Amino acid sequence: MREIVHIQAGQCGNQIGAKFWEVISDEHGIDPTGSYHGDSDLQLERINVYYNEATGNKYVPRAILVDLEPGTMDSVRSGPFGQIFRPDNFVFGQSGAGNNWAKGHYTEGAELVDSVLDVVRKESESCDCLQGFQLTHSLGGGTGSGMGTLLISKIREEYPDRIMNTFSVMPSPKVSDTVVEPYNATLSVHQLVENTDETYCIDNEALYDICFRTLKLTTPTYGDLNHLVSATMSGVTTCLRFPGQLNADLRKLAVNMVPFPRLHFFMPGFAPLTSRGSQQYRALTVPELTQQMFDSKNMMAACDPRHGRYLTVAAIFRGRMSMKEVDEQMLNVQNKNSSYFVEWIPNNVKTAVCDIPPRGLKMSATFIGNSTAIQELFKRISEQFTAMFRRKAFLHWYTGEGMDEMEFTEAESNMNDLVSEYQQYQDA
Amino acid sequence: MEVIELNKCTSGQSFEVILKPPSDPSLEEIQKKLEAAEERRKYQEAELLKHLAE
Amino acid sequence: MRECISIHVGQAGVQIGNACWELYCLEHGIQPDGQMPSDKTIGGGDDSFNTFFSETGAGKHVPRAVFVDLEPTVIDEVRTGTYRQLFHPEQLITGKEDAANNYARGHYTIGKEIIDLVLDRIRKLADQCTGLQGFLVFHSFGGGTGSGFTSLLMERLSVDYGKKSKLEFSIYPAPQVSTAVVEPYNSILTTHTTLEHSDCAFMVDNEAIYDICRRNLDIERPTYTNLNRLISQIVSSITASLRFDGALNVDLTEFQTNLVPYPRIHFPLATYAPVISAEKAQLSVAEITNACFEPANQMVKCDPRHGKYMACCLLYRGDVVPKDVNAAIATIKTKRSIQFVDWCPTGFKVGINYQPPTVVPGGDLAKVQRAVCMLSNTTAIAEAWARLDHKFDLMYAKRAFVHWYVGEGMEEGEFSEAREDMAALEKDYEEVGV
Amino acid sequence: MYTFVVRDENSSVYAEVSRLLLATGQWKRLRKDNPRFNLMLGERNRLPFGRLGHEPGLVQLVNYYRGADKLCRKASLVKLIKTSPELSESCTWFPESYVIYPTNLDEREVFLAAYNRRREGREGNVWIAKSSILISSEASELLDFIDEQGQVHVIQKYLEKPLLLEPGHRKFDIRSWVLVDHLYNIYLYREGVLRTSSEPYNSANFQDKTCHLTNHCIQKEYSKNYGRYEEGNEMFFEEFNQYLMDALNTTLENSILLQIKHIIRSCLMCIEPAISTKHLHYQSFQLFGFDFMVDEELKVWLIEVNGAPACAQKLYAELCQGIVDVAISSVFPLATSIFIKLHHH
Ligand SMILES: C=C/C=C\[C@H](C)[C@H](OC(=O)NCCCNC(=O)c1cccc(N=[N+]=[N-])c1)[C@@H](C)[C@H](O)[C@@H](C)C/C(C)=C\[C@H](C)[C@@H](O)[C@@H](C)/C=C\[C@@H](O)C[C@@H]1OC(=O)[C@H](C)[C@@H](O)[C@H]1C
Ligand SMILES: Nc1nc2c(ncn2[C@@H]2O[C@H](COP(=O)(O)OP(=O)(O)OP(=O)(O)O)[C@@H](O)[C@H]2O)c(=O)[nH]1
Ligand SMILES: Nc1ncnc2c1ncn2[C@@H]1O[C@H](COP(=O)(O)OP(=O)(O)CP(=O)(O)O)[C@@H](O)[C@H]1O
Ligand SMILES: Nc1nc2c(ncn2[C@@H]2O[C@H](COP(=O)(O)OP(=O)(O)O)[C@@H](O)[C@H]2O)c(=O)[nH]1
Ligand SMILES: [Ca+2]
Ligand SMILES: [Ca+2]
Ligand SMILES: [Ca+2]
Ligand SMILES: [Mg+2]
Ligand SMILES: [Mg+2]
Ligand SMILES: [Mg+2]
């Protein structure tokens, strides 16, 4: 009975969080009304990790929906699975955060955060044994970035010995909302370096390029990007939701994946990435799933892993397949590309298999990599930050909320320190 | 090749074959170790909470 | 009659313990409800099997066992398993959250909170004993509980039972089936703290069992159930002399006496034969004895040709007479490389039990007419320490994962202290065998 | 794609093996501490055999047989021959030898008893003392030389009647390269070399050790006639076989190679149960250099066995290709043999 408390904050966080709960509710056989209509015992064996039990076999997500404006959470509540969430777990304000980290972190968000913590406390108090927390959000906006990292700081103060885990969407100029996203992401990344144990880095540019290049989607939408994240989130949390021996809980996963406290930002990946039509019903093979999983084009951080080295790797295969062939193909990726795995962490590539594949697929695979190539992502953000901050451009939006320039200078320094830390271990 | 100490019972037997002759911390100390480690955990947590209070 | 108490720590210790007690019941004719129709002394006795089983007035035969794990799911399988009626709740101890493959968490953080309850439950078993011999401790090297809590328990048992012997069955980590990357840390941390507290430790490398299950059982991807039934056969061969009539290894002290002349060098190599597939639609005494000198049949892969022997015990079960054993040893001497140290007699202690090995019905192991387990104290097993110490060195040079341990209140100096002790152990093996 | 590591940078032979593997495009060289290798070209001293064969899904091979040192050390070879019934103290092709430890730390009284027997019976009584070299006919001068050192030595009967090449009246020795693969097939390279002395053999002066010691390093520095008769004091088999035909009316195969093959096979079959990797979790192959002396009756004597031998300069390419072909590619296959298989069963 190791429970996880899920939190989704802001527009991006709630739209991705809604699709995630839609995807896994289908996997666990939970309909939009919270009723179980599955056909397998595996669907219910570890369902308490994400769902509470209500009166009459009703399963309710242990999820908390947070925003500073009502719009997106009104859409969630009107969506397909919107009726399944606890009504009291909707915590929203009215003013918005105007894509401003300071508003989310210091002014607008500060007025709302205590009521969010009341709901978090109520959910934690019903946990037989709380693992920790899972937060979905973006770093480029105001609520998910600013109020999201404010929530992490206050949760760590109240639950200092619980695991804190995030799925964090990194901004990119290619798929951008406002010019201030590098400011918001740089301020948030420093919060994440200090107060999370695992962060999955989801780069919107990589998601876009995957939809355009590999999937042949001419004009991708946020809906297409979010379904790709939901599939990836379903795969990475398979170890938590179904019977398994590897990374069975959040703390063992972190012990296995994080050799240095600050280097805890993972590059995820998903397979299959298939274009529609013709070669779409083709039976997938483990060799094909494996080659896709480690191809750079299929990773969602827009970092070339050949420009760095993996510290640790967790690969999870879903479906009825040959675990012998899984071992062979996995040992064939390392033993052929040994230049891209560090040699001072023996056996740093772990593989797990789960028999339940995502709905409508015979098999699939998700990849979790702790790679020093992720410094490329932080370098991009740091460069875009400095191009504006050197001229103090758009700073008045933040100084008007009470911040001063010194705080920006420190966040910049911290991320350049993080980049230097990754480069140290890439040459070890 | 000598067989010595051949002992036989209903459930089996045993013998020996020689082919060639030849040529703690106290309870008090454990508690201090465990309590000293607990002290270091509590110090590190107090430092974290001081950092979050700032 | 003198009693033995079994302690099973962590997931590996509990599941192997569960497989062992299943086999013991089949070997002794004990039904899952605890009854034993061939036991005519209702309510008590001092037979050889009473070393492992006490008796209630209703005729139930209860293992002298305690199961400890820091999360409840594995011991819950005992509570609801086939032999659920053997055990009473006081024998099963569980916590809420586990050690997370972290020695420091199992030894310091959680171990401190649960150690007194474990000792209390052990004291309740010990108070049922008229002349307790000591303890048999089952655990993994790599798990946070198996490594961390076990070493705390061994220290405390030396304080509470100073005159009592303690034997280990330890599962050496293999990446083929391993969960964590930090298992070399946990293995060396727990070996250092347990070393002065264990009289004789039987190491089982999961790599060796995994390969015996692929090669000789034709199981493509062995499971823990496959591994644990083969391990329990080897364990049963080792403890059979404590549970049956005999004259060899009849008490725990004799294990140290016959296998460990050098107290720090107390890790005998086990070799077992024959392992025959039950799906396969009979070997001789000479052939099973010769198989004892094949690395492919050892519980730890190493080359005894390039080490030296200090002690050798042959434990046969089945249709075996002494005449055929001596003929086998003579032939094997003139073919194999069996060098003893100069200060030990070149010889073998042989034990024969006429009852052939019992097999779990529907299991993977075929029923054979004769089997043997060789316990040899050879310096070759130091290869397993060399492998383990090298993986430790690769990670510790960058202090990888160290923060997880320091964060639980452990000091960095315990790493180097433990590693220096292992370096000395490797030097001790080199001075003896080379 | 196969991977290999290099852990002996001073190896003439396997520097060429390494470049040949890379030239096939199907072998990648890794850092010397990367454990994910198929092939280890290991170090000479303290090779970590204990760490081989434990990488899941990797067939692992190493270019050394653990325990072959027993054959490739001066003192160990003497002890191996005297204690192995296959070889025995009455072995006819190895000179009478004795292991002598210096007094600051043994077969002293055994050697002196045999020395007195020769001095009494008017027989030649010249011995040689060598270890990890002094040629003398007085036992006291041989023992005092060993006491001045601190390592184990061997005293060996000096072949007072060597076969001398003409012209020059000069001593030599024969080097044979032998490759034992992972299946314990014994392959004798068909090309040997004669390391010859360029100075006339002088049995009346064992103080000048240049006409007595045929080592290539000794001839290149001390012999003032170095290279007069053959390039680098190296005579190959074609010339030597032609010489035996012209001068002694016989062939190299009949008068010498039969004994050489017999000696190679006796030594390696003797230690096979001790060093074979037939059922091991890793595999070994190794290249050996056997050293022979020939007396004037065309009897072949084993002198020593080298475990990390160098090769003749003009024979590196051929031999190192054969190592890749029968020892490495046989285990890791790619996408008229130069060896002579010495059969045994
Ligand atoms: C644009 C591509 C759309 C689909 C491509 C071809 C891939 O889909 C498949 O391979 N489907 C298998 C072939 C069709 N099979 C069936 O119709 C079918 C029907 C009934 C049973 C059945 N088998 N079973 N059971 C299969 C799909 C796996 C993609 O590779 C993947 C990238 C799609 C994802 C995750 C997101 C895209 C970008 C979105 O646009 C999304 C809305 C499109 C399709 C999804 O609905 C897609 C879904 O998504 C999942 O979450 C999850 C992995 C699984 O349910 C995924 C089928
Ligand atoms: N042979 C065998 N090995 C096991 C079994 N269970 C776990 N292991 C091994 O033990 C190591 C993992 O340790 P566990 O015993 O699972 O860990 P634990 O002692 O429960 O400690 P925590 O779970 O960290 O609190 C790995 O090397 C596994 O391969 C089993 O049933 N049989
Ligand atoms: N018993 C003996 N009788 C006659 N000559 C001998 C001899 N022992 C050695 N020699 C000669 O002395 C030389 C000594 O070399 P030796 O075989 O002892 O090993 P080494 O380590 O000195 C060099 P190498 O590897 O070339 O043999 C021989 O090459 C040979 O010329
Ligand atoms: N993948 C994805 N990214 C989004 C979505 N909505 C917004 N974003 C990204 O998130 C950032 C804007 O943050 P947003 O969540 O809209 O602001 P907030 O509501 O104040 O947290 C920008 O980088 C957008 O590109 C979405 O539905 N999916
Ligand atoms: Ca307000
Ligand atoms: Ca009774
Ligand atoms: Ca003791
Ligand atoms: Mg928004
Ligand atoms: Mg456990
Ligand atoms: Mg030499």
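The basis for the numbers below is simple: all heavy atoms, side chains too, and nothing from hydrogens, waters or symmetry mates. Lettering follows sequence order; numbering is per chain, from 1.
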### Message
Working to the nearest 0.5 angstrom, can you tell me the gap between C/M154 CE and C/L195 CG?
### Response
10.0 Å
#### Entry: Worked check of side-chain contact (heavy atoms from CB on, under 4.5 Å) between C/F401 and C/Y185
CA-CA 9 Å; C/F401 306 99; C/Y185 284 170; 4.1 Å; yes
### Query
Do the non-hydrogen side-chain atoms of A/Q426 and A/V342 ever get within less than 4.5 Å of each other?
no
### Task
Can you sort out the partners of A/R262 under salt bridge (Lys or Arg N to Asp or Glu O under 4.0 Å), two or more places apart, ordered by chain and number?
A/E194, A/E421
### Message
Using salt bridge (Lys or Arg N to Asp or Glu O under 4.0 Å), reason through D/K32 and D/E9 one step at a time and then give a plain yes or no.
### Response
CA-CA 10 Å; D/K32 69 184 302 177; D/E9 301 281 334; 5.4 Å; no
#### Entry: C/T145 side chain to C/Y103 side chain, donor-acceptor N/O pair below 3.5 angstrom
no
### Message
Is there a side-chain contact (heavy atoms from CB on, under 4.5 Å) between B/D24 and C/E155? Walk through the geometry before answering.
### Response
CA-CA 8 Å; B/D24 286 355; C/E155 290 188 300; over 6 Å; no
### Query
When you check the gap from the basic side-chain N to the acidic O, do D/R51 and C/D389 get nearer than 4.0 Å?
no
### Message
Once rounded to the nearest 0.5 Å, what's the spacing between atom CD of A/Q423 and atom CG of A/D427?
### Response
4.5 Å
### Query
Salt bridge between D/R66 and C/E383, side-chain N to carboxylate O under 4.0 Å?
yes
### Message
Can you confirm whether C/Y161 is buried at OH, in the sense that more than 12 heavy atoms of other residues, nucleotides or ligands lie under 6.0 Å from that atom?
### Response
yes
### Task
Mark yes when over 12 heavy atoms from residues, nucleotides or ligands other than C/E196 sit less than 6.0 Å from its CD; otherwise mark no.
no
### Task
In plain terms, say whether C/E71 and C/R105 are close enough for a salt bridge, that is, a side-chain N and a carboxylate O under 4.0 Å apart.
no
### Message
Taking CD in B/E28 as the centre, count heavy atoms belonging to other residues, nucleotides or ligands within less than 6.0 Å. Is the count above 12?
### Response
no
### Query
Ring centres of D/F37 and D/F4 under 6.0 Å apart?
no
## Note on the structure
Rounded to the nearest 0.5 Å, the CZ atom of C/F169 sits from the SG atom of C/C200 at a distance of 8.0 Å
### Message
Return the CG to CZ distance between C/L375 and C/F202, rounded to the nearest 0.5 Å.
### Response
5.0 Å
### Task
Would you confirm whether the ring centroid of C/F415 sits within less than 6.0 angstrom of the ring centroid of C/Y405?
yes
### Task
With rounding to the nearest 0.5 Å, note down the distance linking CG in C/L167 to SG in C/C4.
8.5 Å
### Message
What verdict does the side chain to side chain donor-acceptor pair (under 3.5 Å) test give for C/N249 and C/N258, after you've listed the backbone C-alpha separation in whole Å, the side-chain angles of each residue and the deciding distance to 0.1 Å?
### Response
CA-CA 8 Å; C/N249 292 340; C/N258 291 336; 2.9 Å; yes
### Task
Kindly indicate, with the supporting measurements, whether the criterion salt bridge (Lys or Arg N to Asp or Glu O under 4.0 Å) is fulfilled by D/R31 and D/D33.
CA-CA 5 Å; D/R31 232 164 286 179; D/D33 284 301; over 6 Å; no
### C/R156 and C/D116 ion-paired at < 4.0 Å
yes
### Message
Test side chain to side chain donor-acceptor pair (under 3.5 Å) on C/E207 and D/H54; report intermediate values, then the result.
### Response
CA-CA 8 Å; C/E207 178 198 65; D/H54 303 272; 2.9 Å; yes
### Message
Please determine whether side-chain contact (heavy atoms from CB on, under 4.5 Å) holds for the pair C/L252 and C/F135, giving the CA-CA distance in whole Å, both sets of side-chain angles, and the decisive distance to 0.1 Å.
### Response
CA-CA 9 Å; C/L252 291 183; C/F135 310 89; over 6 Å; no
### Query
Does the side chain of C/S178 come under 3.5 Å of the side chain of A/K350 through a donor N or O and an acceptor N or O?
yes
### Task
Check each of D/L39, D/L41, D/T277, D/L47 against D/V62 using the side-chain contact (heavy atoms from CB on, under 4.5 Å) test, and report the only one that passes.
D/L47
### Message
Assess whether a salt bridge exists between A/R251 and A/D161, defined as any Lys/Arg side-chain N lying under 4.0 Å from an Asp/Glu carboxylate O.
### Response
no
### Query
Taking the side chain as C-beta and beyond, is there a heavy-atom pair between C/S376 and C/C312 under 4.5 Å?
yes
### Task
Examine the side chains of D/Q151 and D/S132 and answer whether a donor and an acceptor come within less than 3.5 Å of each other.
no
### Message
One pair to check against salt bridge (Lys or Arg N to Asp or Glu O under 4.0 Å): C/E408 and C/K112. What are the steps and the verdict?
### Response
CA-CA 12 Å; C/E408 296 289 355; C/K112 184 181 176 296; over 6 Å; no
### Task
Tell me, with the steps shown, if C/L153 and C/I7 meet side-chain contact (heavy atoms from CB on, under 4.5 Å).
CA-CA 10 Å; C/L153 182 66; C/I7 305 165; 3.7 Å; yes
### Any C/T379 side-chain heavy atom under 4.5 Å of C/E430 side chain
no
### Task
Consider only side-chain N and O atoms of C/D393 and C/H390, and report whether a donor and an acceptor are under 3.5 Å apart.
no
### Query
Hey, is C/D199 close enough to C/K166 for a salt bridge, meaning N to O under 4.0 Å?
no
### Query
Taking 4.0 angstrom as the limit, do C/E412 and C/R399 come out as a salt bridge?
yes
### Query
What do you reckon, is NZ of C/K164 surrounded by more than 12 foreign heavy atoms closer than 6.0 Å?
yes
### Summary
Here the gap from B/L34 atom CG to C/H107 atom NE2, rounded to the nearest 0.5 Å, amounts to 5.5 Å
